[PDB]
Amino acid sequence: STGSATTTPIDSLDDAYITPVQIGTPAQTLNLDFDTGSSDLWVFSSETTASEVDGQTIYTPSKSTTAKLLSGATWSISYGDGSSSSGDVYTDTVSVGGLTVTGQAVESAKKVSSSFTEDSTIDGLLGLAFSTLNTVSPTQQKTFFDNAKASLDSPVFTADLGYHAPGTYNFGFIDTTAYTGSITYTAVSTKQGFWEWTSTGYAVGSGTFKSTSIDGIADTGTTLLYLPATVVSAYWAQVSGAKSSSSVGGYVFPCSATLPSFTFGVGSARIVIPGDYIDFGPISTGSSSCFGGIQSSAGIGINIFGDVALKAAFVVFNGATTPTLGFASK
Ligand SMILES: Nc1ncccc1CO
């Protein structure tokens, strides 16, 4: 089997992407934020505290003839940005782009933090990291991809995120028309439960490539690209007027600037992030200070190849017995 679904930016900055997902019988379609950085599929629901729902579409398990309460199971997740949600668990049929999984754990939110309430466009998250990170207790549950894997034509999914445009998540096949050149594969460590790999270096604009190992994760749930302070300082030093602002929370730059590209290495291959992709717009409405899309990881503990980086590539998440990541230009 295969599946293919369009993913759409939630706003004009590509802050996140939503993909329609069919849950239950008859189908309830919710727009979920496919997340390479977590292993829980959770949804706003008829159980979510009413004051914490503000425009999201909810899953109502009592209206699904295939929903079953997973007795005793609870979940609670705290994400790297300080957001959180928790609740109980149903199993139900979940379909993405024509690919159907029966008995998928659907984690129903009883509580969500303010940033989840304030995003009316995101009805939940569909985790695509390794199932070892799933938070369901006392019996950890499998991700949608893990459940679908055996049925797929090939045990892979691909992320083709658009710049200010829709893109595609495919399951079970590699669309050879969706990228240019060849796909370069690189080793993955699953020891932390993430799609963790090592970039071979970077360049700023037309500058020379610096060969240096940069360990990080391929996280489509992070908006930005978080890299070591040395790398980030070298990037922003090429933008007149750019500075790190403690009050704003990162590097900012004059909105009148033209940003240089940023290149990252994948083995001997190179992925070029155009400068435009690094512009996240005014820090507040009407400001001439703009927020940068490349930021320091120094306070995180891990480097993060988020949407800024991934949207410049066609990315293969290869879930073979020894997982690997593939990157192609497009
Ligand atoms: N990947 C993620 N998923 C959900 C919330 C936050 C992040 C990243 O900070």
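Every chain's residues are listed with numbers counted from 1 in the order the sequence is written; these need not match the entry, and residues without coordinates are not shown. As a convention, hydrogens and water are excluded, and side-chain values are obtained from all of the structure's heavy atoms. Residues with missing side-chain atoms are left out of burial classes, side-chain pairs and their counts.

X-ray crystallography is the method the PDB entry lists for this structure, together with a resolution of 1.1870 Å.

## With respect to the overall build of the chain
Helices and strands together make up the secondary structure of the chain, namely 4 helices and 24 strands. Over its C-alpha atoms the chain spans a radius of gyration of 20 Å, differing by no more than 12% from the 20 Å that the globule rule assigns to 330 residues. Each principal axis of the C-alpha distribution contributes one length, and for the chain these read about 60 × 45 × 30 Å. Of the contacts made within the chain by residues no fewer than 6 positions apart, 66% connect residues no fewer than 24 positions apart. Under the scheme used here, helices are H or I runs from DSSP no shorter than 4 residues and strands are E runs no shorter than 2 residues, and both carry numbers assigned from the N terminus. Here the globule rule reads 2.2 Å times residues to the power 0.38, and the radius of gyration is calculated from C-alpha atoms. The contact definition used throughout considers only heavy atoms, calling two residues in contact when any of these lie within 4.5 Å.

## With respect to the nonpolar core
If you look at the biggest cluster of nonpolar residues, it comprises 68 residues, and the most contacted ones within it are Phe 171, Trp 236, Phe 262, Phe 264, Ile 273 and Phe 327. With 4 residues, the single largest contributor to this core is helix α3 (residues 229-236). The split into domains, and so the bounds of each, comes from an automatic or database assignment of domains. Looking at which domains feed residues into this core, each of domain 1 (5-174) and domain 2 (175-330) supplies at least three. Other than its neighbours up to four places away in sequence, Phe 264 contacts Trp 197, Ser 199, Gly 201, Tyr 202, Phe 209, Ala 269, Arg 270, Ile 271, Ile 273, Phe 305, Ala 309 and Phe 327. The set of buried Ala, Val, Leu, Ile, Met, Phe, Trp, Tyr and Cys residues whose side-chain atoms join them within 4.5 Å is what this entry labels a nonpolar core. Between buried and exposed lies partly exposed: a residue is buried under 20% and exposed over 50% of the maximum accessible area for its type, with that area taken using a 1.4 Å probe on protein chains only. If you look at the next biggest cluster of nonpolar residues, it comprises 17 residues, including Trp 75, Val 89, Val 112 and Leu 125.

## A closer look at the sheet that holds strand β16 (residues 250-254)
One bridge is not enough; two strands pair if DSSP finds at least two bridges between them. One open sheet holds the 4 strands; their spatial order is β15-β16-β20-β19, and the pairing between them is antiparallel. The open sheet has two free edges, formed respectively by β15 (243-245) and β19 (279-282), since each of these has just one partner strand. Strand-to-strand twist of the sheet, defined as the mean angle between neighbouring strand axes without regard to direction, takes the value 40 degrees. Two strands pair when backbone bridges link them, and β15 and β16 are joined in this way by 3 bridges, in the antiparallel orientation. Bridge pairing in β16 links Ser 245 to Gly 250. For helices, the fitted axis covers only the stretch in contact; all axes are lines through C-alpha atoms, and the angles between them, taken along N-to-C directions, range from 0 to 180 degrees.

## Regarding unusual backbone geometry
A cis amide bond links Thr 25 to the next residue, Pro 26, at an omega of -10 degrees. With respect to the helices and strands, the residue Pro 26 is situated in the loop between β2 (17-23) and β3 (28-35). Put simply, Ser 137 and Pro 138 share a cis peptide bond, and its omega is 5 degrees. Tracing the backbone shows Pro 138 in the loop between β8 (124-127) and α2 (144-148).

## Some points on the domain arrangement of the chain
Taken domain by domain, the chain comprises domain 1 (5-174) and domain 2 (175-330). Computed over C-alpha atoms, the centres of domain 1 and domain 2 are 25 Å apart. In this complex, domain 1 contributes 29 residues to the contact, which on the side of domain 2 involves 33 residues. For the side of domain 1 that touches domain 2, the secondary-structure elements that each account for two or more residues are β3, β9 (156-160) and β10 (167-171). Here the element with the most residues in the side of domain 1 that touches domain 2 is β9; it accounts for 5 residues. We call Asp, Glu, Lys and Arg charged. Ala, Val, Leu, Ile, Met, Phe, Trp, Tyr, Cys and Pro are nonpolar, and the rest, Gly among them, are polar. Residue classes in the side of domain 1 that touches domain 2 are distributed as 18 nonpolar, 6 polar and 5 charged.

## Structural notes on the pairing of β2
For β2, a buried count of 5 out of 7 residues is recorded, marking the element as mostly surrounded by other parts of the structure. Two strands pair when backbone bridges link them, and strand β1 (residues 3-9) and β2 are joined in this way by 2 bridges, in the antiparallel orientation. Across the sheet, residue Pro 9 finds its bridge partner in β2, namely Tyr 17. Where β2 and β3 come together, 5 bridges link them in antiparallel fashion. If you follow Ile 23 over to β3, its bridge partner there is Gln 28. The turn linking β2 back onto β3 is made up of 4 residues, and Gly 24 within it adopts a positive phi angle of 85 degrees.

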